(Lines of atoms letter the chains of each structure in order from A and count residues from 1; the text may use other names and numbers.)
(Lines give C-alpha, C1' and ligand atoms only; values in the text may rest on other atoms or scores of the structure.)
Protein backbone atom coordinates (compact mmCIF):
# COMPACT_ATOMS: atom_id res chain seq x y z
CA UNK A 1 0.00 0.00 0.00
CA UNK A 2 0.96 3.66 0.28
CA UNK A 3 3.06 5.05 3.13
CA UNK A 4 1.65 7.44 5.76
CA UNK A 5 4.14 10.30 5.49
CA UNK A 6 3.55 13.55 7.37
CA UNK A 7 5.06 16.91 6.39
CA UNK A 8 4.89 19.34 9.33
CA UNK A 9 5.67 22.81 8.02
CA UNK A 10 6.37 26.18 9.64
CA UNK A 11 6.96 29.52 7.89
CA UNK A 12 9.30 30.36 10.82
CA UNK A 13 12.03 28.10 9.34
CA UNK A 14 13.60 28.02 5.86
CA UNK A 15 12.78 25.68 3.00
CA UNK A 16 13.78 25.17 -0.62
CA UNK A 17 10.22 24.94 -1.89
CA UNK A 18 9.84 22.24 -4.51
CA UNK A 19 13.17 20.57 -3.64
CA UNK A 20 12.88 19.32 -0.05
CA UNK A 21 10.53 19.24 2.92
CA UNK A 22 11.59 20.79 6.22
CA UNK A 23 10.92 17.38 7.78
CA UNK A 24 9.25 14.05 7.04
CA UNK A 25 7.57 12.05 9.81
CA UNK A 26 6.85 8.34 9.32
CA UNK A 27 5.29 6.56 12.29
CA UNK A 28 7.59 7.55 15.15
CA UNK A 29 10.63 8.90 13.27
CA UNK A 30 11.21 12.44 12.01
CA UNK A 31 13.89 13.17 9.41
CA UNK A 32 14.89 16.86 9.54
CA UNK A 33 16.55 18.58 6.59
CA UNK A 34 19.97 20.17 6.97
CA UNK A 35 19.51 23.53 8.70
CA UNK A 36 21.53 26.63 7.78
CA UNK A 37 21.98 29.88 9.65
CA UNK A 38 19.28 31.61 7.58
CA UNK A 39 16.86 34.22 8.91
CA UNK A 40 13.47 33.72 7.24
CA UNK A 41 12.60 37.39 7.73
CA UNK A 42 15.57 38.46 5.59
CA UNK A 43 16.18 35.37 3.46
CA UNK A 44 19.89 35.73 4.24
CA UNK A 45 22.46 34.20 6.57
CA UNK A 46 22.73 35.93 9.93
CA UNK A 47 25.85 38.03 10.37
CA UNK A 48 28.64 37.34 12.86
CA UNK A 49 30.18 34.12 11.56
CA UNK A 50 30.01 30.48 12.50
CA UNK A 51 28.73 30.91 16.05
CA UNK A 52 25.82 33.12 15.00
CA UNK A 53 25.02 30.81 12.09
CA UNK A 54 25.11 27.70 14.28
CA UNK A 55 22.73 29.31 16.79
CA UNK A 56 20.31 30.31 14.02
CA UNK A 57 20.46 26.85 12.42
CA UNK A 58 19.44 25.35 15.77
CA UNK A 59 16.71 27.99 16.27
CA UNK A 60 15.42 26.98 12.83
CA UNK A 61 15.56 23.30 13.79
CA UNK A 62 13.55 24.07 16.94
CA UNK A 63 10.74 25.68 14.94
CA UNK A 64 10.54 22.57 12.75
CA UNK A 65 10.49 20.29 15.81
CA UNK A 66 7.71 22.40 17.32
CA UNK A 67 5.66 22.15 14.12
CA UNK A 68 5.68 18.36 14.59
CA UNK A 69 4.75 18.62 18.27
CA UNK A 70 8.35 17.89 19.35
CA UNK A 71 11.16 19.74 21.09
CA UNK A 72 14.94 19.47 21.36
CA UNK A 73 14.51 16.45 23.68
CA UNK A 74 13.15 14.47 20.75
CA UNK A 75 16.43 14.69 18.78
CA UNK A 76 18.34 11.40 18.78
CA UNK A 77 21.07 12.06 16.18
CA UNK A 78 22.62 15.12 14.57
CA UNK A 79 25.34 15.70 12.01
CA UNK A 80 27.29 18.97 12.25
CA UNK A 81 28.84 19.88 8.89
CA UNK A 82 31.53 22.54 9.29
CA UNK A 83 33.24 24.85 6.86
CA UNK A 84 36.25 24.82 9.25
CA UNK A 85 37.18 22.06 11.69
CA UNK A 86 38.77 24.70 13.92
CA UNK A 87 35.24 25.88 14.84
CA UNK A 88 34.54 22.61 16.71
CA UNK A 89 34.70 24.02 20.25
CA UNK A 90 32.95 27.30 19.46
CA UNK A 91 30.12 25.44 17.73
CA UNK A 92 29.93 22.91 20.58
CA UNK A 93 29.45 25.80 23.02
CA UNK A 94 26.43 26.98 21.02
CA UNK A 95 25.16 23.43 20.49
CA UNK A 96 25.15 22.62 24.22
CA UNK A 97 22.72 25.46 24.90
CA UNK A 98 20.16 23.51 22.81
CA UNK A 99 21.12 19.91 23.73
CA UNK A 100 22.01 20.33 27.40
CA UNK A 101 21.42 16.76 28.64
CA UNK A 102 20.45 13.34 27.31
CA UNK A 103 22.55 14.18 24.29
CA UNK A 104 21.98 13.04 20.69
CA UNK A 105 24.40 10.76 18.97
CA UNK A 106 26.56 12.91 16.76
CA UNK A 107 29.13 13.21 14.01
CA UNK A 108 30.92 16.46 13.15
CA UNK A 109 33.47 17.09 10.41
CA UNK A 110 34.67 19.64 7.88
CA UNK A 111 33.32 19.66 4.33
CA UNK A 112 34.39 21.82 1.40
CA UNK A 113 31.29 24.00 1.06
CA UNK A 114 27.67 24.33 2.14
CA UNK A 115 24.62 25.77 0.35
CA UNK A 116 24.37 29.62 0.43
CA UNK A 117 28.02 29.80 1.48
CA UNK A 118 27.06 28.84 5.02
CA UNK A 119 29.73 28.05 7.60
CA UNK A 120 27.70 25.28 9.30
CA UNK A 121 24.81 22.97 8.39
CA UNK A 122 23.07 20.74 10.96
CA UNK A 123 20.81 17.81 10.07
CA UNK A 124 18.94 15.68 12.57
CA UNK A 125 16.80 12.65 13.27
CA UNK A 126 14.15 12.96 15.96
CA UNK A 127 11.64 10.51 17.41
CA UNK A 128 8.11 11.43 18.45
CA UNK A 129 6.92 10.95 22.01
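Residue numbers count along the first chain shown, from 1.
Check your understanding: If you average the Cα B factors in the entry, which is higher, 113-121 or 9-17?
Key -> Averaged over C-alpha atoms, the B-factors run higher in 9-17.
Review point. Taking only the CA atoms, which stretch has the higher mean B-factor in the record, 73-81 or 47-55?
Key: Per the PDB entry, the higher value belongs to 47-55.
Review point. Taking the Cα B-factors listed in the entry, which of 30, 67, 36, 91 comes out highest?
Key: Highest CA B-factor of the listed options: 67.
**Study point:** Entry-reported Cα temperature factor of residue 97, expressed as the chain third it lands in
**Key:** Middle third of the chain for residue 97's C-alpha B-factor.
Exercise for review: Just say lowest, middle or highest third for the CA B-factor of residue 86 relative to the other modelled residues in its chain.
Suggested key: It falls in the bottom third of the chain.
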